[PDB]
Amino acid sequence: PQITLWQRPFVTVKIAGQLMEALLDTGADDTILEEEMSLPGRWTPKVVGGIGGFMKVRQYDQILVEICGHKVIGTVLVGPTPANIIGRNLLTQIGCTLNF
């Protein structure tokens, strides 16, 4: 699809059998999911800095993400973010471009 930006660019994603909406975010290097997201297995501590300051997150490697049905695999961060965010690490795998 081609998506205009008059509204926030949310899409439905399925991760580890769970459904959620996440923002397609060209300003994000990394993908981050909300605190209540349950991913199994080991993780590594990471800190993410946005506008406002920094927050501690859990880094999960090799997570399968189904983004508008497209299947991709990458690193997913989990922490106390206000919204689920799909960052460039996954946007590149769905062939996402900015056009104008």
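In this text, residue numbers run from 1 along the sequence as written.
Novice: Look up the CA B-factors in the entry and say which stretch, 66 to 74 or 25 to 33, has the higher mean.
Specialist: So the stretch with the higher mean C-alpha B-factor is 66 to 74.
Novice: Divide the modelled residues of the chain into thirds by Cα B-factor and specify which third, lowest, middle or highest, holds residue 7.
Specialist: Answer is lowest: the recorded C-alpha B-factor places it there.
Novice: By the record's CA B-factor, is residue 44 among the lowest, middle or highest third of residues in the chain?
Specialist: Answer is middle: the recorded C-alpha B-factor places it there.
Novice: Among all modelled residues of this chain, ranked by Cα B factor, put residue 51 in the bottom, middle or top third, i.e. lowest, middle or highest.
Specialist: Highest third.
Novice: When the deposited Cα B-factors of this chain's modelled residues are ordered and cut into thirds, is residue 91 in the lowest, the middle or the highest one?
Specialist: For residue 91, whose C-alpha B-factor we compare with every modelled residue in the chain, the answer is the lowest third.
Novice: Check where residue 19 lands among this chain's C-alpha B-factors and tell me if it's the lowest, middle or highest third.
Specialist: CA B-factor rank for residue 19: lowest third.
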